[PDB]
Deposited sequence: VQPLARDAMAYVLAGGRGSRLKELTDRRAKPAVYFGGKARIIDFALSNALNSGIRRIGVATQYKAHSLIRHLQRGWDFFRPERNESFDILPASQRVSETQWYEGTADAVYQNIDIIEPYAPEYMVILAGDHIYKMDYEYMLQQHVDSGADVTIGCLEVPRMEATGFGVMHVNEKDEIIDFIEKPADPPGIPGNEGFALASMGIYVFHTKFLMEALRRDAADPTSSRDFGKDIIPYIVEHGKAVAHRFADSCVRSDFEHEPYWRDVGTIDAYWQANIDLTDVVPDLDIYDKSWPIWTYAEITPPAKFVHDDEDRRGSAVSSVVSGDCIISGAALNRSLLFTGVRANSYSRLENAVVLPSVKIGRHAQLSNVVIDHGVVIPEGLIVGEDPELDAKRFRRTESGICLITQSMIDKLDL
């Protein structure tokens, strides 16, 4: 009768470096990377927790955590312990020694709350999911551990940690990036790919992490140490994302993105410019809370022979002034100033960027606050572009202020 969420604590692992994002994550953690025009990546796991009815949240951070922590302080500031809500920011010769460690080192903060269930979450994915489903499967299945999994074509699973299960979705082995991924019994050509989401009873986990602290062998991670141990010595069960996913009617399939490369990151944002986007950012039934300030509305100015400030097939945030600049298939975060005779196409423009007059840019991700010099051309000369900026094989240039200065 009583929702299990009332007795759950969501614990967000937010230390992921986002290595392959290169300069995008040079001074910010992957979960602090901007997404969608208004939010950051971590706001999704956090909003899922909130919307699922989980009132206690812990967030473990590791490297380059400064701006991630300031985001959390500014945006996620409305929890009060007298309402049995909490939001603890838990930063790391003093780092965490893995994903399991960050729970272990913080037991003293967890146990006063004494939650019945722990919902361990990866904070660097973009998805919407109602965790109450997973909680209910967990208590009703008697599992030691319930693991959230995507169903992906066997070929795609080769990059995931893959769970080998049986006909009752109990997990019988785990393999990191199996090159020939174990298929679902009775449904080959599909594999169960781990989402980095783990539901525990709280007391089992506590011991499970104590045990891990003691063992010299352990790399102190959930994926390699905690879980496989459980898989081999206890009862592990799979939960399928399709069962819990909160998809809008206007989302043609369950949405989940890792945005683990500049290409995947650029594509995921630019896809929001579609007539029918994969992600329905207008689904008010499952809203994404974030840090946002009061801003002026977007402004478009100039319209004559040679210049017209306008956006077409584009998404534009507040505090943006589009002055004689032509935008197409671009997403602009808050605060962008684009000036006369400049042009943007296939552009993901992060907060507070200035585009100088006459600049022309195509297929780019422009980093936070970058000032684009007047006249710069990107997307015309693949080879000059690759020398000046971080350019992908697909031809997306990631542009940072450091890159511009060296011009």
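- What the model leaves out of the deposited chain are the segments 93-98, 414-415.
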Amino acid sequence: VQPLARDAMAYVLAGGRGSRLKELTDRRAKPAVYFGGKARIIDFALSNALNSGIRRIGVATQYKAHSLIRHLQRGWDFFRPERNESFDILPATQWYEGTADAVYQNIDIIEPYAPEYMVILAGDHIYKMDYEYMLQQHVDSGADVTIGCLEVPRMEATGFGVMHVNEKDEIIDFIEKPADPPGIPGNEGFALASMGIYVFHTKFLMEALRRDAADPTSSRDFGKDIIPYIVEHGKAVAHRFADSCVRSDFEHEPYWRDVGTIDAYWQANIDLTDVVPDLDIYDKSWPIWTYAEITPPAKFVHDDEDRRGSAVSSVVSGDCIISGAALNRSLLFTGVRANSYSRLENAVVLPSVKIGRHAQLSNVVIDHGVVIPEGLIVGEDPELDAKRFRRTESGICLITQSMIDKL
From here on, numbers count along this sequence of modelled residues.
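- Note on 201-209 vs 127-135: mean CA B-factor is higher in 201-209.
- In this entry, the higher average B-factor at the C-alpha atoms falls on 101-109, of the pair 328-336 and 101-109.
- Looking at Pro351, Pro382, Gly53, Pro373, the one whose CA carries the top B-factor in the deposited record is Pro382.
- Within the listed group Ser218, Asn269, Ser285, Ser323, the record reports its top CA B-factor for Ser218.
- Per the deposited record, the Cα B-factor of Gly18 falls in the lowest third when ranked against the other modelled residues of its chain.
- For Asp319, the recorded CA temperature factor ranks within the lowest third of the chain's modelled residues.
- Ranked by Cα temperature factor within the chain, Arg27 sits in the highest third according to the deposited record.
- Sort the chain's modelled residues by C-alpha temperature factor and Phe250 lands in the highest third, per the entry.
- Compared with the other modelled residues of the chain, the Cα B-factor recorded for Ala386 ranks in the highest third.
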